[PDB]
Amino acid sequence: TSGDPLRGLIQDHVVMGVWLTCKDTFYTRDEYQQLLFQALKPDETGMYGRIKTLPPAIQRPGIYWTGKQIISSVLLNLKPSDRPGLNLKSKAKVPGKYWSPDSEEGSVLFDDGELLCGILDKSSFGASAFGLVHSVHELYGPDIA
Amino acid sequence: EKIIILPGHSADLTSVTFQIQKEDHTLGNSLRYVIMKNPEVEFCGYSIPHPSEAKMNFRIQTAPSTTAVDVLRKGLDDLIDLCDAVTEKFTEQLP
Amino acid sequence: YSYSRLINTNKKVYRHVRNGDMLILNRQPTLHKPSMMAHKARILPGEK
Amino acid sequence: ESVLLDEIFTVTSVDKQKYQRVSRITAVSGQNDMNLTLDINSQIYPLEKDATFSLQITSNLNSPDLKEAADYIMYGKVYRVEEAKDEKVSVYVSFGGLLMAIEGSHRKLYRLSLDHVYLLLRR
Amino acid sequence: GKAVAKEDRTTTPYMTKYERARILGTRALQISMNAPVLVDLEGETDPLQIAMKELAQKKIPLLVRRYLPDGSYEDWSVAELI
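Conventions we followed
- Residues numbered from 1 in each chain as written, not as in the entry; some residues may be left out.
- Chains lettered and ligands numbered in written order.
- Part of a larger assembly, values for the part shown.
- Heavy atoms only, no water.
- Contact = heavy atoms within 4.5 Å.
- Buried area = accessible area lost by both parts, 1.4 Å probe.
- Salt bridge = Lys/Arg side-chain N within 4 Å of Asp/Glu carboxyl O.
- Polar contact = N/O pair within 3.5 Å; in protein donor to acceptor, adjacent residues only side chain to side chain.
- Helix = DSSP H or I, 4+ residues; strand = E, 2+ residues; numbered from the N terminus.
- Pairing = 2+ DSSP bridges.
- Buried < 20%, exposed > 50% of the residue type's maximum accessible area, 1.4 Å probe, protein only.
- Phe/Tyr/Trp six-rings, centres within 6.5 Å; stacked < 30°, edge-to-face > 60°.
- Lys NZ or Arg CZ within 6 Å of the ring centre and 35° of its normal.
- Core = buried A, V, L, I, M, F, W, Y, C linked by side-chain atoms within 4.5 Å.

The deposited coordinates, according to the entry record, derive from cryo-EM at 3.84 Å resolution.

Here's what the structure looks like:
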């Protein structure tokens, strides 16, 4: 009927999205690797040999990967053979004022396939166009979306 | 068939995915914890295909120095040593 | 009889579904085309 | 040598708005021609108002400076570089979420690019 | 009826979303009925994904006849389509 996509995640996944991509989150190495491998689960799907990660966002006094880096990591492992990374700018559902006065999150910007600023919610991945998942459907073809 | 190597293993046997049969998080999480304590590992994260069946996909990737099977063996030995340390302290506590 | 393609045919085994067979799903009432789709089957043990 | 900043900073305001962890701090310093506002992990590296800095953004973190200096090290891409209102540039460095915005007068802020950073903050 | 000549062909050079499915389907059926595989197998078993391996390299027979609404038709080799 209209272009607006109909597939996409629902209640629990999207609330946990607002809570994972939020910027006060932090992971140690163990949680990062474990959560990533739970996400990917290559062997049941296949086609990929070894899982590759990012450097940590912060390095001292304790090494900590952040949440947006986990989203960027998933996007990095699902990039096709040779397609440059995703880059995109789009308003998110959680309005900017809820986080702070003149808050930065607001609107997801991410270049070359790394989630630079902004949190993912019902507008990003779900029954809302021009988000992350729809742009993956446009760039990297349907079976990757 | 307790432990097998899945068809995704690198030829150098450095990026390999054991699949432990009839196990759930009970050993998976503990062994992952002990394996992370090993410097020469880059990645170690377990999963479960579907809670209906009892199979645990493991995954261990390491630096080119030492292969992965040696890492799994050393990690299991370390976990056994940990269990023994706990049982020794416990037994020595009460008369 | 003398119509010889009976040598070219193969023996057809009816096989069960397996983890890659594509089996349609539907729901009545099926209003619009995204309502009848085709999913890959993955065969789980246990549940009914 | 690939260091892109050596400026000493001083903090002026800290918040700490709806976040128990990372807090945005604004740390205008120099001859007030260096306006820096970043986020920091305020659970493992705390900072108060008017605490001194030693901020450097390098390119490759391979030197004894890593061990001696750099009491706190982040890492991230610089995604937006603008020149507005003057011969005065504003740089936006993302650190995987924890943002940072540094406004400097096109000098002492010349070597900035659109690649990764390795920020170093030593008190 | 007319078989439109090769010099002037007015149909779209793209393998339409439908010709791909039916070409792969009929090639899969053919290979399932003990036909020649034109490309080296690497151990794949399904009599269809072999046809995907054939089409990935454009090593497949079976030109298609596109029936225009006049009643005429074009003859496109599956090597010839985009």
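Peer 1: In this structure, what is going on with the interface of chain D and chain A? I would like to understand it.
Peer 2: Listed as interface residues are 29 residues of chain D and, on the opposing side, 26 residues of chain A. Note on chain D versus chain A: buried area summed over both sides is about 2500 Å², and carbon and sulfur give 56% of it. At the surface where chain D touches chain A, the tally comes to 2 salt bridges. Across the pair A:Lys23 and D:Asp39 runs a salt bridge, and its minimum N-O distance is 2.9 Å. Summed over the shared surface of chain D and chain A, the result is 11 residue pairs in polar contact. Of all elements in the fold, only α1 (64-68), β5 (78-83), β6 (89-95) and β7 (98-104) of chain D reach the threshold of two or more residues within the side of chain D that touches chain A.

Peer 1: How should I be thinking about the interface of chain C and chain B in this particular structure?
Peer 2: The figure often quoted for interface size is the accessible area lost as the parts come together. Chain C puts 4 residues into the contact, and the matching count from chain B is 4 residues. Each partner contributes to the roughly 300 Å² buried at the junction of chain C and chain B, and carbon and sulfur atoms together form 55% of this total. In terms of surface lost to chain B, no three residues of chain C exceed C:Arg42, C:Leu44 and C:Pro45, which account for 93% of the buried area on that side. If you look at where chain C meets chain B, you find 1 salt bridge.

Peer 1: Before we go on, may I ask you to explain the sheet that holds strand β4 (residues 41-44) of chain B in this structure?
Peer 2: Strand-to-strand pairing in sheets goes through backbone hydrogen bonds, with the strands running parallel or antiparallel. All names here are of chain B. Reading across from one edge, β2-β6-β4 is the order of the 3 strands in this open sheet, with antiparallel pairing throughout. Only two strands of the sheet have a single neighbouring strand rather than two, namely β2 (15-16) and β4. Two strands pair when backbone bridges link them, and β4 and strand β6 (residues 60-62) are joined in this way by 3 bridges, in the antiparallel orientation. Bridge assignment links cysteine 44 to a residue of β6, and that residue is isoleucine 60.

Peer 1: Would you mind showing me how to read the environment of A:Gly96 here?
Peer 2: All names here are of chain A. The residue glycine 96 is located in helix α5 (residues 96-99) in this model. When its relative accessible area of 27% is taken as the criterion, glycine 96 is described as partly exposed. Taking the C-alpha atoms as reference points, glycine 96 and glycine 106, separated by 10 residues in sequence, lie 4.1 Å from one another. Residues in contact with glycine 96, not counting those within four places in the same chain, are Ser103 and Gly106.

Peer 1: Would you explain the side chain of D:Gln56 in this entry?
Peer 2: All names here are of chain D. On the secondary structure map, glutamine 56 appears in strand β4 (residues 55-57). On the accessibility criterion, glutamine 56 (12% relative accessible area) is buried. Not counting residues up to four positions away in its chain, the partners in contact with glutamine 56 are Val3, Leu5, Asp6, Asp65, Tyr118, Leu119, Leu120 and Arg122.

Peer 1: Sorry if this is basic, but what is going on with the packing of aromatic side chains here?
Peer 2: Overall, the coordinates contain 9 aromatic pairs over all chains when judged by the stated rule. Between D:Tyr75 and D:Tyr118, the ring centres sit 4.5 Å apart and the planes meet at 85°, which makes this aromatic pair edge-to-face. Here the residue D:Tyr75 occupies a position in the loop between α1 and β5, and D:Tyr118 occupies one in the loop between β7 and β8 (119-121), the gap between them amounting to 43 residues. By relative accessible area, which is 12% here, D:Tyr75 ends up buried. Between D:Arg80 and the ring centre of D:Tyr92, over which it is positioned, the NZ or CZ distance is 6.0 Å. For the cation-ring pair, E:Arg9 lies above E:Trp76, with the distance from its terminal atom to the ring centre recorded as 4.7 Å.

Peer 1: Quick question: what am I supposed to make of the nonpolar core here?
Peer 2: A general tendency of soluble globular proteins is for nonpolar side chains to be buried together. Grouped together as the largest cluster of nonpolar side chains are 35 residues, with contacts concentrated most on D:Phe53, D:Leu55 and D:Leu119. Of all elements in the fold, only β3 (34-40), β4, β6, β7 and β8 of chain D reach the threshold of two or more residues within this core. Every residue in contact with D:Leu55, bar those within four places of it in the chain, is listed here: D:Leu5, D:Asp6, D:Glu7, D:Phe9, D:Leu36, D:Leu119, D:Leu120 and D:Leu121. B:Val41, B:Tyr46, B:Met56 and B:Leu79 belong to the second-largest nonpolar core, a separate cluster that totals 18 residues.

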